[PDB]
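In what follows, one protein chain appears twice in different forms, each by itself as structure tokens: structure 1 and structure 2.
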Structure 1
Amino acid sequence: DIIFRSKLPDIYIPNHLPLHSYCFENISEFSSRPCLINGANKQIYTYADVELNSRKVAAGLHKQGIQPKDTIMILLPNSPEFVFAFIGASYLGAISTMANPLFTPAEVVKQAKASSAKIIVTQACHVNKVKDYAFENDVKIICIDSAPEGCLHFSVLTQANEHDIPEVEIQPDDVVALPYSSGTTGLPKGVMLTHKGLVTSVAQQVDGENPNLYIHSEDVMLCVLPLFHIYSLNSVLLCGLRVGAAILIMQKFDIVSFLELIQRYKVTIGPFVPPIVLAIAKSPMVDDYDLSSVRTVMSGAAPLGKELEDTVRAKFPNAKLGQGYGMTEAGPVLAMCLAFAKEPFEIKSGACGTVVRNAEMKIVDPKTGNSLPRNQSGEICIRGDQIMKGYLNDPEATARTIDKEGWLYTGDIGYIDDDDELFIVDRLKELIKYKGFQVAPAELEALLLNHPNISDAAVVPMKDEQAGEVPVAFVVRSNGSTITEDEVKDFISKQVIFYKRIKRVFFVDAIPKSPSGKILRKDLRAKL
């Protein structure tokens, strides 16, 4: 194999430490500093407050019957309670699965069943989505705001005595976070991220004499991207905690709250995606705010492009801009912008970083299986302790995704250049990404085939300025059917979260397939 590595040296990583022990390892240095700032109500929790509340919640969860290797579901927007629940479960050697609170009842229940969640932590407004399921299956519902009848209030956890945490034996390979991802084909699967994996990933980002991302205890990091995706849970929360930074929580993006919070709290680190920068570009009010405190703008999920790069340079005059690359199964971070290093490296516009330290990357020709040299595009593969343990209860999908030599096959096409900078150029896998949210076409295709008037279906991404990609469907009608485009859309829209909505339907005689019987998705993308 032709193997690529970081321009940074390998470092010592204390991957034997439980995630909480690692994240709070240097807490004595940060004890009285702001840890979580709730942007809406201006409440500040210090590092001491957050460690203590997490321990209280651990005792509370223990009292509610959570044992090692049990799972809780967090169904919350960004909030201090999200953090206390996640870290609380970690202290017990238990698992947090995280879900978008805007999921439909069917979506929430599917994930609750797949994950065997024992408790669902949510808001009162979402109780109706899970109440019947939870009652029938002895799943406790705990609300952070007010508790409807049959539910508990989150104070039942925070009122617990921190000294009532049981003795716990946590192993490095124990699962601690369970985000869902459809990976390189098929339906959403549970991604088992471990103590060892997440400690490794966080260390790869922020540890070392020359860290790949230089952040420190004086930084103020905006947490507007959702904590229910590992993207922010890892790179914002866990990384921020490790270095003693303040994490400024937003429950929901709007341009005014965003600008006000950056100015008022003097945000120094801005973890964004391109739709946030597009909102900035399209809002003249931006020129009336001071965003000079921002020293680092990190973008990922999708290419920013030259115009949005220009917006960042114009509106964040003191910010270093860089793009990075992650995938849930990879821990998630594969490549990181070396312009962010304490001793920075030069970068090129359009790059998505350099492969993380303490890891190996190779580029594999899909036609041959052979590894490729510099400047030649192929399937990006990564190997290292930071990647997932595997898919929960899915050995087949695991074996198809991570090979016997430990290589994760991402389904992404890219190349590494002469300066060890990675560029993403194409996607081999069927995945659709709407503003950074996963849309699994296999899920939509299955929902479409449920309709009596639909014979065959194929869901593919269509390029979109506002969302990056939107789902579109090529649909074959049943015999003697006059189903309309709007009828197909409305049928789907009632069942799915907003981002999975089908935006165009194209009626065709047949779906292009290989002799084996698989959708020729590249051909359909070419048509669009």
Structure 2
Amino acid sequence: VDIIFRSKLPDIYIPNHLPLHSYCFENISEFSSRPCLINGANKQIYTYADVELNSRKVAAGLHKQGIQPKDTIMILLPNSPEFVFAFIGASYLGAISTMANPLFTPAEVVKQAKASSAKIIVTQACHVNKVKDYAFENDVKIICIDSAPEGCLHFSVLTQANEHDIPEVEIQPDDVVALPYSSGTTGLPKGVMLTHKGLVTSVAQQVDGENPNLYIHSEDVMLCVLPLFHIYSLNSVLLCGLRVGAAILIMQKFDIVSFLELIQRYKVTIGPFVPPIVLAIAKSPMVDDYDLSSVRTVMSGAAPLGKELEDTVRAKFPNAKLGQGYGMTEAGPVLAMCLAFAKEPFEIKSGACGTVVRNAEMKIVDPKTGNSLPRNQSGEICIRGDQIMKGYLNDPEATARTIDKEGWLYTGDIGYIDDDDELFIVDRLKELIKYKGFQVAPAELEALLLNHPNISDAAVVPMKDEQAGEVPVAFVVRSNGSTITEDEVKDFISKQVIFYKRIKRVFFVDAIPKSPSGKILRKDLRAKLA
């Protein structure tokens, strides 16, 4: 007998029979002349009508270039209007976009291209070298958004196409539309098949309903400073933004000053961040010199964030609801979303990752028995609903091990749900540090380290130890100014925690490695230790 957790919100109608473009643009007529994409680099504004129009032009363009239903294009781009136009244009065709980290090595880009069977790679001149030979040898066309050197087509060859030249197409709910990849935090990146049905479901779960979990409307301005090739931005910023008619402000590269200025300048109202952004915000002393009163909702997604740091940043946006969302590529991606974001906001506790999304079921399973758990007990987070992935790309066996025959997705994440239906993430199961019979969550310690005014960044990993099995160790970046000592660090931790959570060694460093998508690269630090 499974003990099953659900949202405090009612189930709603989800039109997951509609293709993604059709769902996203369903209500476009009520906001057609509102800004859709704001290019922060050049101040250029595309209206809702511009964006549908360019997307339809690109679809027609892709079709003339040989893109057929179920064919794949690769997007190898930084955030830009053209990323959007390509993604949606492929969708118009019943085709598929795979999205690649543009700072990947040539071996990486090629592997992804081979695996996804991309017929076209849409990128910039600066990356052409990565895929030049491979493309020629495999009749894969290369289209550049900026200038098109030897053998490449320019993106304009897509936008020259006529919007009324999109062919008749029969799109199935279960057709793939997106091939995002996991961030590779725990190993090589995995290709994930996301469907029209999955993504419409997941966008609806967030922004539709009488009382939506994530309340966004056509007068909001959503900042987009996270990579759209990761599923958190593409879904919760781009697709959710389109669905409700919000302006999407496109930044390329976060730095705290640029960030604050653009927020002020463009009157951003929705801030979809990650813990490294929140960390920056909490440690900067100048946040107070800026007019951030417009910001009404601040989300942190993508990675563990502790309550003390979350609270620090809370105090710096007294005008906003601040809270967390929890996503996993394999999950569509959103599994839970802060209810302080709802149109009729619920109460929340600091440090929760949210409450499981409506129109879904969640269970917490102990991984040593396999039995589901009651409230306030730590186990493996599981989820079932229409939003989850069709499966891993070219890997039905891993899919089968990951989503069981009951249609339960097993995240590999440990968590508990408390009496208020808030979810808390402990850490990734395999990241739990094994000190005798005890299990230590690296993220709990990291949260406490980040609390120290003289610490600017940190990561906790296990070390090989003779009699304990593994001991917790910490990598610490000192603040500018301070010369905090190893023993100062250890004693600071020691005063606050139960004995088996103590830090055995601290190593001072200049930086902690992180994915572009905002997750600490713990494995890279293990390798430094080994």
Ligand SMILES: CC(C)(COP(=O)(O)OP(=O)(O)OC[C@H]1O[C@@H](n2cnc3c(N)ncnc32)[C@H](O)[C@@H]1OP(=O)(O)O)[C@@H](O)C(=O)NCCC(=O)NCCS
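Residue numbering: structure 1 sequence, from 1. Each form is matched to the other, and the largest set of C-alpha atoms that superpose within 1.5 Å is called the rigid core.
Structure 1 derives from the form solved in complex with the ligand, whereas structure 2 comes from the other one. Just one residue from the list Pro166, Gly150, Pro366, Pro317 crosses the 2 Å line for C-alpha shift between structure 1 and structure 2 on a rigid core fit, and it is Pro317. Core-superposed comparison between structure 1 and structure 2: the CA of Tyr45 stays below a 2 Å shift. For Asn100, a C-alpha deviation below 2 angstroms is recorded between structure 1 and structure 2 after rigid-core alignment. Taking the rigid core as fixed, one finds a CA shift for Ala397 smaller than 2 Å between structure 1 and structure 2. Superposed on the rigid core, the forms differ at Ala302: its CA is offset by 1.9 Å between structure 1 and structure 2. Shown is the Cα shift of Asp385 between structure 1 and structure 2 after rigid core superposition, which amounts to 0.0 Å. Core fit done between structure 1 and structure 2; CA of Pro471 shifted by 14.9 Å.
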